[PDB]
Every structure is written in C-alpha cells, then in structure tokens.
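# opening with a subset of the complex:
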Amino acid sequence: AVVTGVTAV
Amino acid sequence: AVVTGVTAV
Amino acid sequence: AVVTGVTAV
Amino acid sequence: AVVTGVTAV
Amino acid sequence: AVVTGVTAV
Amino acid sequence: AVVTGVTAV
Amino acid sequence: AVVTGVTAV
Amino acid sequence: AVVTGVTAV
C-alpha cells in the first residue's frame, strides 16, 4: 500500500 | 487555526 | 495555532 | 507499505 | 503555538 | 515499511 | 510555544 | 523499517 495524507492551511 | 492530520494503515 | 500530525502503520 | 503524512500551517 | 507530531510503526 | 511524518508551523 | 515530537518503532 | 519524524516551528 502507498498511503499519502496532506493537511494544510 | 486548529489543524489536524491523521494518516494510517 | 494548534497543529497535530499523526502518521501510523 | 509506504506511509507519508504532512500537516502544515 | 502548540505543535505535536507522532510517527509510529 | 517506509513511514514519514512531518508536522510544521 | 509547546513543541512535542515522538518517533517510534 | 525506515521511520522518519519531523516536528518544527
């Protein structure tokens, strides 16, 4: 699995 | 700002 | 700012 | 598994 | 600022 | 596993 | 600032 | 496993 999470302000 | 990031496998 | 990052396997 | 988490302000 | 980072396997 | 976590302000 | 980093296997 | 955690202000 390739799992990528980005959270930005 | 409240910024919350969760990345899980 | 409250900034919280969690990365888990 | 490749797991990548980014949390930014 | 309160900045909290957790990286776990 | 390759696990990478970045938390930034 | 309160800055907290945890990296674990 | 390669586990990398970065927490920055």
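The structure has been received and is ready for your questions. Residues are numbered from 1 along each chain as shown, chains lettered A, B, ... in the order given.

# which residue of chain A sits farthest from its center?
Farthest-out residue of chain A from its mean C-alpha position, per Cα atoms, centre = their mean: residue A:9, at 13.7 Å.

# once you drop chain neighbours, what's closest to it?
The shortest distance from residue A:9 to any non-neighbouring residue, by Cβ to Cβ, 6 or more residues apart in numbering or on different chains, is to residue D:9 (4.8 Å). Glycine gets a C-beta too; all of them are placed from N, C-alpha and C.

# run a quick check on the one you found versus residue E:2, I expect a contact.
No. Counting by Cβ atoms under 8 Å, residue D:9 stays clear of residue E:2, with 11.4 Å between them.

# list residues touching both of these two?
Listed contacts common to residue D:9 and residue E:2 are C:1, C:3; contacts here mean Cβ atoms under 8 Å, 6 or more residues apart in numbering or on different chains.

# attach chain I to the model above:
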Amino acid sequence: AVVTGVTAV
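Placed with the earlier chains, chain I looks like this:
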C-alpha cells in the same frame, strides 16, 4: 518554549 523530543525502538 517547551520542546520535547522522543525517538525510540
């Protein structure tokens, strides 16, 4: 500033 870093295997 309160700065706390934990790296564990």
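
# what about the residue nearest to residue A:1 when sequence neighbours are not counted, neighbour count?
For residue A:1, ignoring the flanking residues on the chain, the nearest one in space by Cβ to Cβ, 6+ apart is residue D:1 at 4.8 Å. Using other Cβ atoms under 10 Å in any protein chain shown, residue D:1 has 12 other residues around it.

# try residue A:7
18.

# ok, residue A:6 next?
Residues near residue A:6, counting by other Cβ under 10 Å: 12.

# can you name the residues bridging to it?
residue D:6 (DSSP bridges).

# my read: it touches residue B:5, true?
Yes. Between residue A:6 and residue B:5 there is a contact under Cβ under 8 Å: 7.5 Å.

# add chain J to the structure above:
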Amino acid sequence: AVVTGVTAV
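Adding chain J to what we have so far:
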C-alpha cells in the same frame, strides 16, 4: 530499522 526523529523551534 533506521529511526530518525527531529524536533525543532
């Protein structure tokens, strides 16, 4: 295992 933790202000 290669485990790398960086906490910075």
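
# once more on the neighbour count of residue A:7, this time with chain J?
Residues lying near residue A:7 (other Cβ under 10 Å) number 18.

# and residue A:4, what does it touch?
Contact partners of residue A:4, counting by Cβ under 8 Å, 6+ apart, are B:7, D:3-5.

# residue A:3 now?
By Cβ under 8 Å, 6+ apart, the neighbours of residue A:3 are B:7-9, D:1-4.

# count of residues packed around residue A:8?
Going by other Cβ under 10 Å, the residues that sit close to residue A:8 add up to 10.

# tell me who's in contact with it.
B:3, D:6-9.

# what do you get if the cut-off is 6 Å, keeping everything else the same?
Contacts for residue A:8 were tallied using Cβ atoms under 6 Å, 6 or more residues apart in numbering or on different chains; they are residue D:8.

# repeat for residue A:2
By Cβ under 6 Å, 6+ apart, the neighbours of residue A:2 are residue D:2.
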